$ cat final-v5.txt   # compact mmCIF, C-alpha atoms and all ligand atoms
# COMPACT_ATOMS: atom_id res chain seq x y z
CA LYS A 1 7.29 -40.45 -44.38
CA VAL A 2 8.63 -42.32 -47.35
CA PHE A 3 8.92 -46.07 -46.69
CA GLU A 4 11.60 -48.13 -48.30
CA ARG A 5 10.32 -50.93 -50.59
CA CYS A 6 11.06 -53.78 -48.14
CA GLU A 7 9.97 -51.96 -44.95
CA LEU A 8 6.56 -51.43 -46.59
CA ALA A 9 6.36 -55.01 -47.90
CA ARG A 10 6.74 -56.40 -44.32
CA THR A 11 4.60 -53.67 -42.75
CA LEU A 12 1.62 -54.36 -45.05
CA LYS A 13 2.34 -58.06 -44.46
CA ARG A 14 1.74 -57.52 -40.79
CA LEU A 15 -1.44 -55.61 -41.60
CA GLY A 16 -2.75 -58.54 -43.61
CA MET A 17 -2.47 -57.24 -47.15
CA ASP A 18 -1.07 -60.44 -48.68
CA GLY A 19 -3.96 -62.23 -50.27
CA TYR A 20 -6.49 -59.79 -48.86
CA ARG A 21 -9.49 -60.72 -51.00
CA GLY A 22 -7.19 -62.27 -53.64
CA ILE A 23 -4.82 -59.32 -53.88
CA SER A 24 -1.20 -60.36 -53.56
CA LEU A 25 1.26 -58.32 -51.55
CA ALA A 26 3.10 -57.53 -54.80
CA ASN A 27 0.01 -55.93 -56.36
CA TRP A 28 -0.34 -53.58 -53.36
CA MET A 29 3.39 -52.80 -53.47
CA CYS A 30 3.04 -51.91 -57.11
CA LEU A 31 0.09 -49.49 -56.73
CA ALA A 32 1.68 -47.90 -53.64
CA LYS A 33 4.92 -47.22 -55.54
CA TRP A 34 3.18 -45.62 -58.53
CA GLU A 35 0.41 -43.79 -56.64
CA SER A 36 2.62 -42.28 -53.93
CA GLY A 37 6.23 -43.46 -54.25
CA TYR A 38 5.88 -44.82 -50.73
CA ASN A 39 5.01 -41.49 -49.23
CA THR A 40 2.29 -41.31 -46.56
CA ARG A 41 2.00 -37.52 -46.85
CA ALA A 42 1.32 -37.43 -50.61
CA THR A 43 -1.71 -35.30 -51.56
CA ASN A 44 -3.20 -34.49 -54.99
CA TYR A 45 -5.93 -31.95 -55.66
CA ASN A 46 -8.32 -32.15 -58.62
CA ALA A 47 -9.41 -28.62 -59.40
CA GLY A 48 -12.34 -29.94 -61.43
CA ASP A 49 -14.45 -32.03 -59.06
CA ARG A 50 -12.90 -30.21 -56.11
CA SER A 51 -11.66 -33.47 -54.57
CA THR A 52 -8.30 -34.51 -53.06
CA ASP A 53 -6.35 -37.80 -53.02
CA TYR A 54 -4.57 -38.49 -49.74
CA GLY A 55 -1.54 -40.42 -48.62
CA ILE A 56 0.25 -43.58 -49.70
CA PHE A 57 -2.68 -45.22 -51.60
CA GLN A 58 -4.04 -41.88 -52.80
CA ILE A 59 -7.62 -42.41 -51.57
CA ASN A 60 -10.31 -39.96 -52.69
CA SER A 61 -12.10 -37.42 -50.44
CA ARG A 62 -15.38 -37.66 -52.42
CA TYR A 63 -15.95 -41.37 -51.80
CA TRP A 64 -13.79 -42.60 -48.92
CA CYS A 65 -12.58 -40.13 -46.28
CA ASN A 66 -13.76 -36.71 -45.03
CA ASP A 67 -11.96 -33.42 -45.31
CA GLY A 68 -15.08 -31.24 -44.99
CA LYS A 69 -14.51 -29.38 -48.26
CA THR A 70 -15.25 -31.88 -51.01
CA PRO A 71 -18.79 -31.41 -52.43
CA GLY A 72 -20.78 -34.67 -52.22
CA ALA A 73 -18.46 -36.62 -49.88
CA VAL A 74 -19.90 -39.83 -48.44
CA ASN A 75 -17.06 -41.00 -46.22
CA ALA A 76 -17.37 -44.76 -46.73
CA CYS A 77 -14.22 -45.38 -44.69
CA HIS A 78 -15.71 -43.33 -41.80
CA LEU A 79 -12.35 -41.66 -41.43
CA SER A 80 -10.76 -38.24 -41.51
CA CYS A 81 -8.57 -37.79 -44.60
CA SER A 82 -6.13 -36.51 -41.97
CA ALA A 83 -5.69 -40.11 -40.83
CA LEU A 84 -4.26 -40.72 -44.28
CA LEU A 85 -1.28 -38.35 -43.78
CA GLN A 86 0.11 -39.65 -40.50
CA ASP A 87 3.18 -41.97 -40.52
CA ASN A 88 1.42 -44.98 -39.13
CA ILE A 89 -0.45 -46.53 -42.14
CA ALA A 90 -2.79 -48.66 -40.05
CA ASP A 91 -5.86 -46.66 -41.05
CA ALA A 92 -4.67 -46.09 -44.65
CA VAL A 93 -4.73 -49.92 -44.85
CA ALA A 94 -8.05 -50.40 -43.07
CA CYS A 95 -9.43 -48.02 -45.75
CA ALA A 96 -7.74 -49.45 -48.89
CA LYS A 97 -9.18 -52.73 -47.67
CA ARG A 98 -12.68 -51.14 -47.73
CA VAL A 99 -11.97 -49.70 -51.19
CA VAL A 100 -11.44 -53.12 -52.75
CA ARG A 101 -14.72 -54.42 -51.43
CA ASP A 102 -16.44 -52.33 -54.04
CA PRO A 103 -17.57 -53.76 -57.42
CA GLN A 104 -14.43 -52.64 -59.25
CA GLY A 105 -11.90 -53.82 -56.66
CA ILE A 106 -8.27 -52.86 -57.32
CA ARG A 107 -9.39 -51.31 -60.61
CA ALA A 108 -10.04 -48.29 -58.36
CA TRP A 109 -6.49 -47.02 -58.84
CA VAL A 110 -5.55 -45.99 -62.42
CA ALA A 111 -1.87 -46.37 -61.64
CA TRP A 112 -2.60 -50.04 -60.93
CA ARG A 113 -4.11 -50.58 -64.38
CA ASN A 114 -1.46 -48.50 -66.16
CA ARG A 115 1.70 -49.81 -64.55
CA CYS A 116 0.74 -52.88 -62.60
CA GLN A 117 -1.96 -54.71 -64.49
CA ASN A 118 -0.32 -57.18 -66.89
CA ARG A 119 3.27 -56.20 -66.13
CA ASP A 120 4.26 -59.00 -63.66
CA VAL A 121 4.73 -57.45 -60.24
CA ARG A 122 6.89 -60.18 -58.65
CA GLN A 123 9.73 -57.62 -58.67
CA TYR A 124 8.44 -55.36 -55.88
CA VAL A 125 8.56 -57.88 -52.97
CA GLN A 126 11.57 -59.91 -53.89
CA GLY A 127 14.25 -59.56 -51.24
CA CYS A 128 12.03 -58.38 -48.40
CA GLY A 129 11.59 -61.82 -46.87
CA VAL A 130 7.81 -61.75 -47.04
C1 LIG B 1 -10.84 -42.87 -57.62
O1 LIG B 1 -11.94 -42.13 -58.09
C2 LIG B 1 -12.96 -42.95 -58.62
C3 LIG B 1 -13.98 -41.99 -59.16
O2 LIG B 1 -13.64 -40.66 -58.78
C4 LIG B 1 -13.49 -43.92 -57.57
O3 LIG B 1 -14.40 -44.83 -58.19
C5 LIG B 1 -15.71 -44.81 -57.80
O4 LIG B 1 -15.77 -45.25 -56.45
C6 LIG B 1 -17.12 -45.33 -55.97
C7 LIG B 1 -17.04 -45.52 -54.47
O5 LIG B 1 -18.33 -45.41 -53.87
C8 LIG B 1 -17.84 -46.44 -56.72
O6 LIG B 1 -17.15 -47.67 -56.56
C9 LIG B 1 -17.88 -46.06 -58.21
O7 LIG B 1 -18.37 -47.17 -58.94
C10 LIG B 1 -16.49 -45.74 -58.73
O8 LIG B 1 -16.59 -45.11 -60.00
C11 LIG B 1 -12.35 -44.71 -56.98
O9 LIG B 1 -12.84 -45.52 -55.92
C12 LIG B 1 -11.27 -43.75 -56.47
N1 LIG B 1 -10.12 -44.47 -55.97
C13 LIG B 1 -9.61 -44.16 -54.78
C14 LIG B 1 -8.37 -44.95 -54.38
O10 LIG B 1 -10.12 -43.32 -54.04
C1 LIG B 2 -8.35 -43.52 -60.38
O1 LIG B 2 -8.65 -44.89 -60.67
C2 LIG B 2 -10.08 -45.19 -60.71
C3 LIG B 2 -10.19 -46.63 -61.17
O2 LIG B 2 -8.90 -47.16 -61.50
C4 LIG B 2 -10.85 -44.30 -61.70
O3 LIG B 2 -12.27 -44.46 -61.46
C5 LIG B 2 -13.02 -45.36 -62.22
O4 LIG B 2 -13.25 -44.78 -63.52
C6 LIG B 2 -14.09 -45.60 -64.38
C7 LIG B 2 -14.18 -44.92 -65.73
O5 LIG B 2 -14.56 -45.85 -66.73
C8 LIG B 2 -15.47 -45.87 -63.72
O6 LIG B 2 -16.22 -44.66 -63.55
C9 LIG B 2 -15.26 -46.52 -62.37
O7 LIG B 2 -16.51 -46.77 -61.74
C10 LIG B 2 -14.37 -45.59 -61.52
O8 LIG B 2 -14.17 -46.15 -60.24
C11 LIG B 2 -10.49 -42.82 -61.53
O9 LIG B 2 -11.07 -42.08 -62.61
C12 LIG B 2 -8.96 -42.65 -61.49
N1 LIG B 2 -8.58 -41.25 -61.33
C13 LIG B 2 -8.61 -40.43 -62.39
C14 LIG B 2 -8.20 -39.00 -62.10
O10 LIG B 2 -8.96 -40.80 -63.52

$ encode --input "final-v5.txt" --output "structure tokens" --more "lines below"
Ligand SMILES: *[C@@H]1O[C@H](CO)[C@@H](O[C@@H]2O[C@H](CO)[C@H](O)[C@H](O)[C@H]2O)[C@H](O)[C@H]1NC(C)=O
Ligand SMILES: *[C@@H]1O[C@H](CO)[C@@H](O[C@@H]2O[C@H](CO)[C@H](O)[C@H](O)[C@H]2O)[C@H](O)[C@H]1NC(C)=O
Amino acid sequence: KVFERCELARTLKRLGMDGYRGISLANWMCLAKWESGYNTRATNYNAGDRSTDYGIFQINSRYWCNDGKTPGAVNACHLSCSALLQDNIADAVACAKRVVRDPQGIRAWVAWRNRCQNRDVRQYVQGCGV
């Protein structure tokens, strides 16, 4: 489904995203908005490296989840990319959390760098009571 800004702010809050390894809730809100527009069913296919980005945080099938058709997939999140298209984002979160424990951290999402990095994200969580 498509969350509404403030439903997602509180929901991630409950899942422990605020301050998770130094990443403020607002930063996550920003990359979720630009990567998927708050949609858990979002899916983007890269014809070149035959990989697919899934769900709300647009996590890659070559490095994180398994869809059984991406050449050279390692499945670091030990998850089915399917888990990334269901309405409950519990596993989407458990995985984005694994993603940031890599050397590059939040730099793993280009939308973050383009529209979130150095563009003050205090705007996304203000009014949600988080
Ligand atoms: C987006 O794709 C990136 C490359 O396709 C990916 O970055 C790579 O992730 C690797 C994970 O084992 C490793 O950290 C490499 O150093 C890095 O280049 C990035 O993680 C992907 N982002 C998402 C959200 O899936
Ligand atoms: C999605 O974002 C990823 C990081 O924001 C990006 O992957 C990174 O690309 C770097 C290139 O200098 C380097 O290889 C990093 O190790 C890697 O994680 C990925 O390319 C972005 N998606 C697209 C389609 O560009």

$ atom_distance --input "final-v5.txt" --atom1 "CA of residue 117 in chain A" --atom2 "CA of residue 91 in chain A"
25.1 Å

$ residues_near_ligand --input "final-v5.txt" --ligand "ligand LIG 1 (chain B)" --cutoff "8 Å" --atoms "all atoms listed in the file" --output "VMD selection string"
chain A and resid 53 57 to 64 74 76 96 99 102 to 104 108 to 110

$ closest_residue --input "final-v5.txt" --among "A:105, A:49, A:29, A:19" --to "residue 7 in chain A" --atoms "all atoms listed in the file"
A:29

$ closest_residue --input "final-v5.txt" --among "A:25, A:81, A:128, A:9" --to "residue 43 in chain A" --atoms "all atoms listed in the file"
A:81

$ atom_distance --input "final-v5.txt" --atom1 "CA of residue 68 in chain A" --atom2 "CA of residue 34 in chain A"
26.9 Å

$ closest_residue --input "final-v5.txt" --among "A:100, A:18, A:113, A:51" --to "residue 77 in chain A" --atoms "all atoms listed in the file"
A:100

$ residues_around --input "final-v5.txt" --residues "residue 123 in chain A" --least-positions-apart "4" --cutoff "9 Å" --atoms "only C-alpha atoms" --output "mmCIF file with C-alpha atoms, keeping the file's coordinate frame"
data_model
loop_
_atom_site.group_PDB
_atom_site.id
_atom_site.type_symbol
_atom_site.label_atom_id
_atom_site.label_comp_id
_atom_site.auth_asym_id
_atom_site.auth_seq_id
_atom_site.Cartn_x
_atom_site.Cartn_y
_atom_site.Cartn_z
ATOM 1 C CA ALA A 26 3.100 -57.530 -54.800
ATOM 2 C CA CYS A 30 3.040 -51.910 -57.110
ATOM 3 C CA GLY A 127 14.250 -59.560 -51.240
#

$ closest_residue --input "final-v5.txt" --among "A:56, A:15, A:8, A:83" --to "residue 40 in chain A" --atoms "all atoms listed in the file"
A:56

$ closest_residue --input "final-v5.txt" --among "A:84, A:111, A:121, A:92" --to "residue 23 in chain A" --atoms "only C-alpha atoms"
A:121

$ closest_residue --input "final-v5.txt" --among "A:37, A:16, A:48, A:22" --to "ligand LIG 2 (chain B)" --atoms "all atoms listed in the file"
A:48

$ axis_aligned_box --input "final-v5.txt" --around "range 116-128 of chain A" --padding-each-side "6 Å" --output "JSON"
{"center_x": 6.1, "center_y": -56.5, "center_z": -57.6, "size_x": 28.2, "size_y": 19.3, "size_z": 30.5}

$ atom_distance --input "final-v5.txt" --atom1 "CA of residue 101 in chain A" --atom2 "CA of residue 20 in chain A"
10.2 Å
